[PDB]
>>> print(open('final.json').read())   # JSON, C-alpha atoms
[["chain", "number", "residue", "atom", "x", "y", "z"],
["A", 1, "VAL", "CA", -54.10, -3.72, 25.06],
["A", 2, "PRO", "CA", -57.29, -5.75, 24.52],
["A", 3, "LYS", "CA", -57.66, -8.88, 26.65],
["A", 4, "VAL", "CA", -59.71, -10.88, 24.11],
["A", 5, "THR", "CA", -59.03, -10.77, 20.36],
["A", 6, "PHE", "CA", -60.51, -12.38, 17.24],
["A", 7, "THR", "CA", -58.22, -12.68, 14.19],
["A", 8, "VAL", "CA", -59.78, -13.72, 10.88],
["A", 9, "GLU", "CA", -57.79, -16.38, 9.06],
["A", 10, "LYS", "CA", -56.95, -17.03, 5.41],
["A", 11, "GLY", "CA", -59.55, -19.30, 3.81],
["A", 12, "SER", "CA", -62.50, -17.56, 5.46],
["A", 13, "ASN", "CA", -65.34, -17.00, 2.98],
["A", 14, "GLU", "CA", -69.15, -17.17, 2.81],
["A", 15, "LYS", "CA", -69.36, -20.83, 3.89],
["A", 16, "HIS", "CA", -66.20, -21.14, 5.99],
["A", 17, "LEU", "CA", -65.06, -18.99, 8.89],
["A", 18, "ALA", "CA", -61.75, -19.64, 10.68],
["A", 19, "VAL", "CA", -60.96, -17.45, 13.68],
["A", 20, "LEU", "CA", -57.92, -17.36, 15.94],
["A", 21, "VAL", "CA", -59.32, -16.51, 19.37],
["A", 22, "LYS", "CA", -57.08, -15.36, 22.23],
["A", 23, "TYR", "CA", -57.93, -14.55, 25.84],
["A", 24, "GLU", "CA", -54.90, -13.34, 27.76],
["A", 25, "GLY", "CA", -53.95, -15.71, 30.58],
["A", 26, "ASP", "CA", -56.52, -18.41, 29.75],
["A", 27, "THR", "CA", -57.36, -20.90, 26.97],
["A", 28, "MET", "CA", -60.68, -21.53, 25.20],
["A", 29, "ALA", "CA", -62.70, -24.58, 26.31],
["A", 30, "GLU", "CA", -65.64, -23.99, 23.94],
["A", 31, "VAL", "CA", -66.44, -21.27, 21.37],
["A", 32, "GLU", "CA", -69.92, -20.78, 19.89],
["A", 33, "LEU", "CA", -71.08, -18.61, 17.02],
["A", 34, "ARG", "CA", -74.31, -16.72, 16.43],
["A", 35, "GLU", "CA", -74.60, -15.15, 13.01],
["A", 36, "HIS", "CA", -76.57, -11.96, 12.43],
["A", 37, "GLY", "CA", -80.28, -12.79, 12.39],
["A", 38, "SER", "CA", -79.93, -16.07, 14.30],
["A", 39, "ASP", "CA", -81.25, -16.83, 17.77],
["A", 40, "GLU", "CA", -79.04, -19.92, 18.18],
["A", 41, "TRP", "CA", -75.52, -20.37, 19.55],
["A", 42, "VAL", "CA", -73.92, -23.09, 17.36],
["A", 43, "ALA", "CA", -70.68, -24.78, 18.44],
["A", 44, "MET", "CA", -67.54, -24.06, 16.48],
["A", 45, "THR", "CA", -64.94, -26.80, 15.87],
["A", 46, "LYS", "CA", -61.63, -26.65, 17.69],
["A", 47, "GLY", "CA", -58.73, -26.50, 15.24],
["A", 48, "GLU", "CA", -55.00, -26.42, 15.92],
["A", 49, "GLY", "CA", -53.21, -23.56, 17.65],
["A", 50, "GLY", "CA", -56.19, -21.61, 19.02],
["A", 51, "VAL", "CA", -58.07, -21.50, 15.71],
["A", 52, "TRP", "CA", -61.80, -22.31, 15.75],
["A", 53, "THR", "CA", -63.73, -23.00, 12.56],
["A", 54, "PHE", "CA", -67.26, -23.15, 11.28],
["A", 55, "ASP", "CA", -68.53, -24.70, 8.04],
["A", 56, "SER", "CA", -72.06, -23.89, 6.84],
["A", 57, "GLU", "CA", -74.17, -25.05, 3.88],
["A", 58, "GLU", "CA", -75.76, -21.62, 3.47],
["A", 59, "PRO", "CA", -73.93, -18.28, 3.35],
["A", 60, "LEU", "CA", -72.76, -16.90, 6.70],
["A", 61, "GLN", "CA", -74.16, -13.45, 7.47],
["A", 62, "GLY", "CA", -72.26, -11.05, 9.73],
["A", 63, "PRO", "CA", -71.74, -9.20, 11.85],
["A", 64, "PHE", "CA", -70.73, -12.23, 13.99],
["A", 65, "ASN", "CA", -71.34, -12.72, 17.70],
["A", 66, "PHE", "CA", -69.22, -15.12, 19.76],
["A", 67, "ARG", "CA", -69.93, -16.83, 23.06],
["A", 68, "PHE", "CA", -67.18, -18.76, 24.81],
["A", 69, "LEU", "CA", -66.11, -20.73, 27.82],
["A", 70, "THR", "CA", -62.50, -20.78, 28.99],
["A", 71, "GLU", "CA", -60.61, -23.58, 30.75],
["A", 72, "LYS", "CA", -60.36, -21.53, 33.94],
["A", 73, "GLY", "CA", -64.12, -20.90, 34.06],
["A", 74, "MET", "CA", -64.83, -17.63, 32.25],
["A", 75, "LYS", "CA", -68.02, -17.43, 30.19],
["A", 76, "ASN", "CA", -68.68, -14.35, 28.05],
["A", 77, "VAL", "CA", -70.70, -13.10, 25.10],
["A", 78, "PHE", "CA", -69.28, -10.54, 22.64],
["A", 79, "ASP", "CA", -71.76, -9.09, 20.20],
["A", 80, "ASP", "CA", -70.99, -7.92, 16.66],
["A", 81, "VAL", "CA", -67.23, -8.33, 17.12],
["A", 82, "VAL", "CA", -66.48, -9.43, 13.56],
["A", 83, "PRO", "CA", -68.06, -7.29, 10.88],
["A", 84, "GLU", "CA", -69.94, -8.46, 7.84],
["A", 85, "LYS", "CA", -67.16, -7.15, 5.61],
["A", 86, "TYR", "CA", -64.08, -8.31, 7.50],
["A", 87, "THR", "CA", -60.52, -8.45, 6.20],
["A", 88, "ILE", "CA", -58.33, -11.57, 6.28],
["A", 89, "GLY", "CA", -55.51, -11.25, 8.78],
["A", 90, "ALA", "CA", -57.01, -8.33, 10.73],
["A", 91, "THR", "CA", -57.54, -8.51, 14.49],
["A", 92, "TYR", "CA", -60.86, -7.53, 16.07],
["A", 93, "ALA", "CA", -61.35, -6.80, 19.74],
["A", 94, "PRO", "CA", -64.42, -5.65, 21.70],
["B", 1, "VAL", "CA", -74.86, -47.29, 38.60],
["B", 2, "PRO", "CA", -74.57, -44.98, 35.58],
["B", 3, "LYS", "CA", -72.18, -42.05, 35.92],
["B", 4, "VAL", "CA", -74.09, -39.68, 33.60],
["B", 5, "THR", "CA", -77.90, -39.48, 33.52],
["B", 6, "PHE", "CA", -80.51, -37.48, 31.61],
["B", 7, "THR", "CA", -83.94, -37.08, 33.27],
["B", 8, "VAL", "CA", -86.77, -35.63, 31.18],
["B", 9, "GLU", "CA", -88.76, -32.96, 33.01],
["B", 10, "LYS", "CA", -92.44, -32.05, 33.17],
["B", 11, "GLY", "CA", -93.30, -29.45, 30.53],
["B", 12, "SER", "CA", -91.22, -31.10, 27.82],
["B", 13, "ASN", "CA", -93.10, -31.22, 24.50],
["B", 14, "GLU", "CA", -92.47, -30.75, 20.77],
["B", 15, "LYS", "CA", -91.10, -27.20, 21.11],
["B", 16, "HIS", "CA", -89.67, -27.32, 24.63],
["B", 17, "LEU", "CA", -87.24, -29.81, 26.12],
["B", 18, "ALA", "CA", -86.12, -29.58, 29.77],
["B", 19, "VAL", "CA", -83.52, -32.09, 30.93],
["B", 20, "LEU", "CA", -81.94, -32.62, 34.34],
["B", 21, "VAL", "CA", -78.37, -33.68, 33.57],
["B", 22, "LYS", "CA", -76.13, -35.25, 36.22],
["B", 23, "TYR", "CA", -72.49, -36.32, 36.02],
["B", 24, "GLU", "CA", -71.33, -37.93, 39.24],
["B", 25, "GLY", "CA", -68.59, -35.91, 40.95],
["B", 26, "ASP", "CA", -68.68, -32.96, 38.53],
["B", 27, "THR", "CA", -71.02, -30.16, 37.39],
["B", 28, "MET", "CA", -72.03, -29.13, 33.86],
["B", 29, "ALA", "CA", -70.29, -26.04, 32.39],
["B", 30, "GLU", "CA", -72.05, -26.19, 29.00],
["B", 31, "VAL", "CA", -74.61, -28.60, 27.46],
["B", 32, "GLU", "CA", -75.37, -28.68, 23.73],
["B", 33, "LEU", "CA", -78.10, -30.48, 21.83],
["B", 34, "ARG", "CA", -78.16, -32.07, 18.38],
["B", 35, "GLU", "CA", -81.55, -33.29, 17.27],
["B", 36, "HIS", "CA", -81.96, -36.25, 14.94],
["B", 37, "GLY", "CA", -81.17, -35.14, 11.39],
["B", 38, "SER", "CA", -79.13, -32.09, 12.41],
["B", 39, "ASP", "CA", -75.42, -31.55, 11.88],
["B", 40, "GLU", "CA", -75.24, -28.69, 14.40],
["B", 41, "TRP", "CA", -74.58, -28.64, 18.15],
["B", 42, "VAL", "CA", -76.84, -25.86, 19.53],
["B", 43, "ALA", "CA", -76.33, -24.52, 23.06],
["B", 44, "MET", "CA", -78.94, -25.29, 25.68],
["B", 45, "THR", "CA", -79.86, -22.71, 28.34],
["B", 46, "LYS", "CA", -78.77, -23.27, 31.92],
["B", 47, "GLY", "CA", -81.77, -23.42, 34.25],
["B", 48, "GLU", "CA", -81.88, -23.84, 38.02],
["B", 49, "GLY", "CA", -80.77, -26.97, 39.85],
["B", 50, "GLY", "CA", -78.97, -28.81, 37.03],
["B", 51, "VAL", "CA", -81.83, -28.48, 34.53],
["B", 52, "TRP", "CA", -80.96, -27.39, 30.97],
["B", 53, "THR", "CA", -83.62, -26.27, 28.52],
["B", 54, "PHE", "CA", -84.14, -25.73, 24.84],
["B", 55, "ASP", "CA", -86.93, -23.80, 23.10],
["B", 56, "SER", "CA", -87.43, -24.23, 19.34],
["B", 57, "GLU", "CA", -89.81, -22.64, 16.81],
["B", 58, "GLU", "CA", -90.14, -25.89, 14.85],
["B", 59, "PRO", "CA", -90.88, -29.34, 16.31],
["B", 60, "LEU", "CA", -87.95, -31.10, 17.98],
["B", 61, "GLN", "CA", -87.17, -34.49, 16.45],
["B", 62, "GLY", "CA", -85.54, -37.23, 18.53],
["B", 63, "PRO", "CA", -83.72, -39.30, 19.29],
["B", 64, "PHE", "CA", -81.61, -36.56, 20.97],
["B", 65, "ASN", "CA", -77.83, -36.38, 21.16],
["B", 66, "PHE", "CA", -76.07, -34.34, 23.86],
["B", 67, "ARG", "CA", -72.58, -32.90, 23.97],
["B", 68, "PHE", "CA", -71.28, -31.35, 27.18],
["B", 69, "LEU", "CA", -68.42, -29.76, 29.00],
["B", 70, "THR", "CA", -68.01, -30.08, 32.76],
["B", 71, "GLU", "CA", -66.47, -27.61, 35.21],
["B", 72, "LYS", "CA", -63.56, -29.96, 35.90],
["B", 73, "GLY", "CA", -62.72, -30.31, 32.19],
["B", 74, "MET", "CA", -64.59, -33.33, 30.85],
["B", 75, "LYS", "CA", -65.96, -33.10, 27.31],
["B", 76, "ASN", "CA", -68.14, -35.92, 25.95],
["B", 77, "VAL", "CA", -70.71, -36.73, 23.28],
["B", 78, "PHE", "CA", -73.59, -39.15, 23.95],
["B", 79, "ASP", "CA", -75.58, -40.18, 20.91],
["B", 80, "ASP", "CA", -79.27, -41.07, 20.85],
["B", 81, "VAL", "CA", -79.56, -40.99, 24.65],
["B", 82, "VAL", "CA", -83.11, -39.63, 24.78],
["B", 83, "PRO", "CA", -85.57, -41.38, 22.51],
["B", 84, "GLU", "CA", -88.06, -39.80, 20.18],
["B", 85, "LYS", "CA", -90.90, -41.10, 22.33],
["B", 86, "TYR", "CA", -89.60, -40.35, 25.82],
["B", 87, "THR", "CA", -91.59, -40.36, 29.05],
["B", 88, "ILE", "CA", -91.72, -37.44, 31.49],
["B", 89, "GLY", "CA", -89.89, -38.20, 34.71],
["B", 90, "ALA", "CA", -87.89, -41.17, 33.36],
["B", 91, "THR", "CA", -84.10, -41.29, 33.60],
["B", 92, "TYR", "CA", -81.95, -42.16, 30.59],
["B", 93, "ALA", "CA", -78.33, -43.19, 30.76],
["B", 94, "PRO", "CA", -75.87, -44.29, 28.05]]
>>> encode(input="final.json", output="structure tokens")
Amino acid sequence: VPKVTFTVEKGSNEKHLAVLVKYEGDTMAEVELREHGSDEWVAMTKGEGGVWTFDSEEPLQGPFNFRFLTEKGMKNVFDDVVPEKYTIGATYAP
Amino acid sequence: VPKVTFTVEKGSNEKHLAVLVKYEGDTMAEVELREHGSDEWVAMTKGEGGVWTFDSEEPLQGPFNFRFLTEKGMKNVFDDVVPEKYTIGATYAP
């Protein structure tokens, strides 16, 4: 079974993305997002229960790339993990 | 003496900022920058020896705000620490 998963949450739309991130055996310290066509890693906001969110004034363009840091020291980049046309409630894994 | 300091490095200009960050007794895991007038925390790139850099296509507008995460678990935000008109080689502390 995949060690890192990204589950899209209800409420996600063009200007709001909420993602439940899970790394087996560790917890997220910081999660950053890079939308398709962007060269910048922008910090996501830590929500409750492992959910991380991002609010934008312009439309968000996928596929989405995530970069994170865990509390035990892991740092990783996962490219195009969440597709442009994602489905609410589905789990994505690299 | 200040516990956290930000020293501006040679080479820093309108499109390139290099900052030596130091937190006594800890080491930086991630350092993010928010320029004046921005609502986004963008990740800086880890250089050698504690220096963190940021390259932009448009001019960088200070004062600069920094948000960081240390290897031992500290997370902090320091607003307007580096002024718009900074001097190369000078140390800034909150």
>>> interface_residues(input="final.json", of="chain A", to="chain B", cutoff="12 Å", atoms="all atoms listed in the file", output="JSON, numbers by chain")
{"A": [28, 29, 30, 31, 32, 33, 34, 38, 39, 40, 41, 42, 43, 44, 45, 54, 55, 56, 57, 67, 68, 69, 70, 71, 72, 73, 74, 75]}
>>> atom_distance(input="final.json", atom1="atom CA of residue A:53", atom2="atom CA of residue B:62")
26.7 Å
>>> calpha_fit_and_write(input="final.json", fixed="chain A", moving="chain B", output="PDB file with C-alpha atoms, in the coordinates of the input")
ATOM      1  CA  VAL B   1     -54.105  -3.720  25.051  1.00  0.00           C
ATOM      2  CA  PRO B   2     -57.285  -5.756  24.524  1.00  0.00           C
ATOM      3  CA  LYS B   3     -57.663  -8.876  26.652  1.00  0.00           C
ATOM      4  CA  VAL B   4     -59.715 -10.871  24.111  1.00  0.00           C
ATOM      5  CA  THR B   5     -59.028 -10.775  20.358  1.00  0.00           C
ATOM      6  CA  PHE B   6     -60.508 -12.387  17.248  1.00  0.00           C
ATOM      7  CA  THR B   7     -58.215 -12.680  14.192  1.00  0.00           C
ATOM      8  CA  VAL B   8     -59.785 -13.713  10.883  1.00  0.00           C
ATOM      9  CA  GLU B   9     -57.792 -16.383   9.056  1.00  0.00           C
ATOM     10  CA  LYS B  10     -56.951 -17.024   5.412  1.00  0.00           C
ATOM     11  CA  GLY B  11     -59.547 -19.296   3.811  1.00  0.00           C
ATOM     12  CA  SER B  12     -62.493 -17.564   5.457  1.00  0.00           C
ATOM     13  CA  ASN B  13     -65.339 -16.997   2.978  1.00  0.00           C
ATOM     14  CA  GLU B  14     -69.144 -17.166   2.812  1.00  0.00           C
ATOM     15  CA  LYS B  15     -69.360 -20.825   3.887  1.00  0.00           C
ATOM     16  CA  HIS B  16     -66.209 -21.139   5.990  1.00  0.00           C
ATOM     17  CA  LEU B  17     -65.065 -18.988   8.886  1.00  0.00           C
ATOM     18  CA  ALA B  18     -61.749 -19.638  10.679  1.00  0.00           C
ATOM     19  CA  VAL B  19     -60.961 -17.449  13.678  1.00  0.00           C
ATOM     20  CA  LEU B  20     -57.917 -17.357  15.943  1.00  0.00           C
ATOM     21  CA  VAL B  21     -59.319 -16.503  19.373  1.00  0.00           C
ATOM     22  CA  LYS B  22     -57.074 -15.358  22.228  1.00  0.00           C
ATOM     23  CA  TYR B  23     -57.934 -14.551  25.840  1.00  0.00           C
ATOM     24  CA  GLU B  24     -54.908 -13.338  27.757  1.00  0.00           C
ATOM     25  CA  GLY B  25     -53.952 -15.708  30.582  1.00  0.00           C
ATOM     26  CA  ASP B  26     -56.518 -18.407  29.743  1.00  0.00           C
ATOM     27  CA  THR B  27     -57.362 -20.905  26.975  1.00  0.00           C
ATOM     28  CA  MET B  28     -60.677 -21.525  25.197  1.00  0.00           C
ATOM     29  CA  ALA B  29     -62.701 -24.588  26.318  1.00  0.00           C
ATOM     30  CA  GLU B  30     -65.638 -23.993  23.944  1.00  0.00           C
ATOM     31  CA  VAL B  31     -66.435 -21.265  21.365  1.00  0.00           C
ATOM     32  CA  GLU B  32     -69.913 -20.784  19.893  1.00  0.00           C
ATOM     33  CA  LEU B  33     -71.073 -18.615  17.020  1.00  0.00           C
ATOM     34  CA  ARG B  34     -74.308 -16.713  16.426  1.00  0.00           C
ATOM     35  CA  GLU B  35     -74.605 -15.144  13.012  1.00  0.00           C
ATOM     36  CA  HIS B  36     -76.572 -11.959  12.425  1.00  0.00           C
ATOM     37  CA  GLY B  37     -80.282 -12.792  12.391  1.00  0.00           C
ATOM     38  CA  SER B  38     -79.934 -16.068  14.302  1.00  0.00           C
ATOM     39  CA  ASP B  39     -81.251 -16.835  17.767  1.00  0.00           C
ATOM     40  CA  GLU B  40     -79.044 -19.921  18.177  1.00  0.00           C
ATOM     41  CA  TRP B  41     -75.524 -20.367  19.557  1.00  0.00           C
ATOM     42  CA  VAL B  42     -73.923 -23.085  17.367  1.00  0.00           C
ATOM     43  CA  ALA B  43     -70.684 -24.780  18.439  1.00  0.00           C
ATOM     44  CA  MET B  44     -67.534 -24.061  16.481  1.00  0.00           C
ATOM     45  CA  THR B  45     -64.944 -26.799  15.870  1.00  0.00           C
ATOM     46  CA  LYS B  46     -61.632 -26.656  17.693  1.00  0.00           C
ATOM     47  CA  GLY B  47     -58.732 -26.496  15.240  1.00  0.00           C
ATOM     48  CA  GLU B  48     -54.999 -26.419  15.917  1.00  0.00           C
ATOM     49  CA  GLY B  49     -53.204 -23.564  17.651  1.00  0.00           C
ATOM     50  CA  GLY B  50     -56.187 -21.613  19.021  1.00  0.00           C
ATOM     51  CA  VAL B  51     -58.065 -21.494  15.705  1.00  0.00           C
ATOM     52  CA  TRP B  52     -61.800 -22.312  15.750  1.00  0.00           C
ATOM     53  CA  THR B  53     -63.730 -22.997  12.566  1.00  0.00           C
ATOM     54  CA  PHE B  54     -67.256 -23.154  11.281  1.00  0.00           C
ATOM     55  CA  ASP B  55     -68.528 -24.699   8.036  1.00  0.00           C
ATOM     56  CA  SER B  56     -72.063 -23.887   6.844  1.00  0.00           C
ATOM     57  CA  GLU B  57     -74.164 -25.053   3.875  1.00  0.00           C
ATOM     58  CA  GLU B  58     -75.764 -21.620   3.466  1.00  0.00           C
ATOM     59  CA  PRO B  59     -73.928 -18.274   3.351  1.00  0.00           C
ATOM     60  CA  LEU B  60     -72.766 -16.901   6.704  1.00  0.00           C
ATOM     61  CA  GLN B  61     -74.164 -13.453   7.476  1.00  0.00           C
ATOM     62  CA  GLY B  62     -72.261 -11.048   9.731  1.00  0.00           C
ATOM     63  CA  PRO B  63     -71.736  -9.200  11.849  1.00  0.00           C
ATOM     64  CA  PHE B  64     -70.735 -12.235  13.987  1.00  0.00           C
ATOM     65  CA  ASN B  65     -71.338 -12.716  17.697  1.00  0.00           C
ATOM     66  CA  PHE B  66     -69.217 -15.123  19.759  1.00  0.00           C
ATOM     67  CA  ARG B  67     -69.933 -16.826  23.054  1.00  0.00           C
ATOM     68  CA  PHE B  68     -67.183 -18.760  24.813  1.00  0.00           C
ATOM     69  CA  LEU B  69     -66.112 -20.723  27.817  1.00  0.00           C
ATOM     70  CA  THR B  70     -62.503 -20.783  28.990  1.00  0.00           C
ATOM     71  CA  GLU B  71     -60.613 -23.578  30.749  1.00  0.00           C
ATOM     72  CA  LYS B  72     -60.359 -21.528  33.942  1.00  0.00           C
ATOM     73  CA  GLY B  73     -64.125 -20.901  34.061  1.00  0.00           C
ATOM     74  CA  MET B  74     -64.822 -17.638  32.251  1.00  0.00           C
ATOM     75  CA  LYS B  75     -68.014 -17.436  30.193  1.00  0.00           C
ATOM     76  CA  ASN B  76     -68.682 -14.346  28.057  1.00  0.00           C
ATOM     77  CA  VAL B  77     -70.701 -13.101  25.096  1.00  0.00           C
ATOM     78  CA  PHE B  78     -69.275 -10.543  22.642  1.00  0.00           C
ATOM     79  CA  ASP B  79     -71.756  -9.089  20.194  1.00  0.00           C
ATOM     80  CA  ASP B  80     -70.992  -7.922  16.664  1.00  0.00           C
ATOM     81  CA  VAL B  81     -67.230  -8.331  17.125  1.00  0.00           C
ATOM     82  CA  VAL B  82     -66.479  -9.426  13.560  1.00  0.00           C
ATOM     83  CA  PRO B  83     -68.058  -7.293  10.872  1.00  0.00           C
ATOM     84  CA  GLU B  84     -69.941  -8.458   7.836  1.00  0.00           C
ATOM     85  CA  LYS B  85     -67.164  -7.152   5.609  1.00  0.00           C
ATOM     86  CA  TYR B  86     -64.080  -8.318   7.499  1.00  0.00           C
ATOM     87  CA  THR B  87     -60.520  -8.456   6.196  1.00  0.00           C
ATOM     88  CA  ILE B  88     -58.332 -11.571   6.281  1.00  0.00           C
ATOM     89  CA  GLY B  89     -55.507 -11.252   8.774  1.00  0.00           C
ATOM     90  CA  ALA B  90     -57.011  -8.329  10.734  1.00  0.00           C
ATOM     91  CA  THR B  91     -57.544  -8.518  14.491  1.00  0.00           C
ATOM     92  CA  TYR B  92     -60.856  -7.538  16.074  1.00  0.00           C
ATOM     93  CA  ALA B  93     -61.354  -6.804  19.736  1.00  0.00           C
ATOM     94  CA  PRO B  94     -64.419  -5.647  21.703  1.00  0.00           C
TER      95      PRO B  94
END
>>> residues_near_point(input="final.json", point="(-92.2, -39.5, 29.4)", cutoff="12 Å", atoms="all atoms listed in the file", output="mmCIF file with C-alpha atoms, keeping the file's coordinate frame")
data_model
loop_
_atom_site.group_PDB
_atom_site.id
_atom_site.type_symbol
_atom_site.label_atom_id
_atom_site.label_comp_id
_atom_site.auth_asym_id
_atom_site.auth_seq_id
_atom_site.Cartn_x
_atom_site.Cartn_y
_atom_site.Cartn_z
ATOM 1 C CA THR B 7 -83.940 -37.080 33.270
ATOM 2 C CA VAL B 8 -86.770 -35.630 31.180
ATOM 3 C CA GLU B 9 -88.760 -32.960 33.010
ATOM 4 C CA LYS B 10 -92.440 -32.050 33.170
ATOM 5 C CA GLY B 11 -93.300 -29.450 30.530
ATOM 6 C CA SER B 12 -91.220 -31.100 27.820
ATOM 7 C CA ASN B 13 -93.100 -31.220 24.500
ATOM 8 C CA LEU B 17 -87.240 -29.810 26.120
ATOM 9 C CA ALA B 18 -86.120 -29.580 29.770
ATOM 10 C CA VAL B 19 -83.520 -32.090 30.930
ATOM 11 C CA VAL B 82 -83.110 -39.630 24.780
ATOM 12 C CA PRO B 83 -85.570 -41.380 22.510
ATOM 13 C CA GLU B 84 -88.060 -39.800 20.180
ATOM 14 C CA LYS B 85 -90.900 -41.100 22.330
ATOM 15 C CA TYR B 86 -89.600 -40.350 25.820
ATOM 16 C CA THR B 87 -91.590 -40.360 29.050
ATOM 17 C CA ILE B 88 -91.720 -37.440 31.490
ATOM 18 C CA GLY B 89 -89.890 -38.200 34.710
ATOM 19 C CA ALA B 90 -87.890 -41.170 33.360
ATOM 20 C CA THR B 91 -84.100 -41.290 33.600
ATOM 21 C CA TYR B 92 -81.950 -42.160 30.590
#
>>> closest_residue(input="final.json", among="A:51, A:27, A:2, A:21", to="residue A:66", atoms="only C-alpha atoms")
A:21
>>> closest_residue(input="final.json", among="A:26, A:35, A:50, A:58", to="residue A:14", atoms="only C-alpha atoms")
A:58
>>> atom_distance(input="final.json", atom1="atom CA of residue A:64", atom2="atom CA of residue A:81")
6.1 Å
>>> atom_distance(input="final.json", atom1="atom CA of residue B:61", atom2="atom CA of residue B:93")
18.9 Å
>>> residues_around(input="final.json", residues="residue B:23", least_positions_apart="6", cutoff="8 Å", atoms="all atoms listed in the file", output="CSV table (one decimal) with C-alpha atoms, in the frame of the given file")
chain,number,residue,atom,x,y,z
B,3,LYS,CA,-72.2,-42.0,35.9
B,4,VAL,CA,-74.1,-39.7,33.6
B,5,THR,CA,-77.9,-39.5,33.5
>>> closest_residue(input="final.json", among="A:94, A:25, A:37, A:79", to="residue A:6", atoms="all atoms listed in the file")
A:94
>>> decode(input="final.json", residues="stretch 17-37 of chain A", atoms="C-alpha atoms", output="JSON list (two decimals), in the first residue's frame")
[["chain", "number", "residue", "atom", "x", "y", "z"],
["A", 17, "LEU", "CA", -8.21, 23.26, -2.47],
["A", 18, "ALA", "CA", -8.42, 21.15, 0.71],
["A", 19, "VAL", "CA", -6.25, 18.03, 0.84],
["A", 20, "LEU", "CA", -5.91, 15.38, 3.52],
["A", 21, "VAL", "CA", -2.24, 14.37, 3.39],
["A", 22, "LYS", "CA", -0.96, 11.21, 5.08],
["A", 23, "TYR", "CA", 2.58, 9.85, 5.38],
["A", 24, "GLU", "CA", 2.64, 6.51, 7.15],
["A", 25, "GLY", "CA", 4.53, 6.67, 10.46],
["A", 26, "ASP", "CA", 5.13, 10.44, 10.41],
["A", 27, "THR", "CA", 3.19, 13.73, 10.54],
["A", 28, "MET", "CA", 3.40, 16.77, 8.24],
["A", 29, "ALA", "CA", 5.38, 19.78, 9.52],
["A", 30, "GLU", "CA", 4.89, 21.92, 6.39],
["A", 31, "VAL", "CA", 3.13, 21.32, 3.04],
["A", 32, "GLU", "CA", 3.69, 23.54, -0.01],
["A", 33, "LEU", "CA", 1.86, 23.67, -3.32],
["A", 34, "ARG", "CA", 3.06, 24.40, -6.84],
["A", 35, "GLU", "CA", 0.31, 24.64, -9.41],
["A", 36, "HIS", "CA", 0.86, 23.69, -13.04],
["A", 37, "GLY", "CA", 2.76, 26.50, -14.77]]
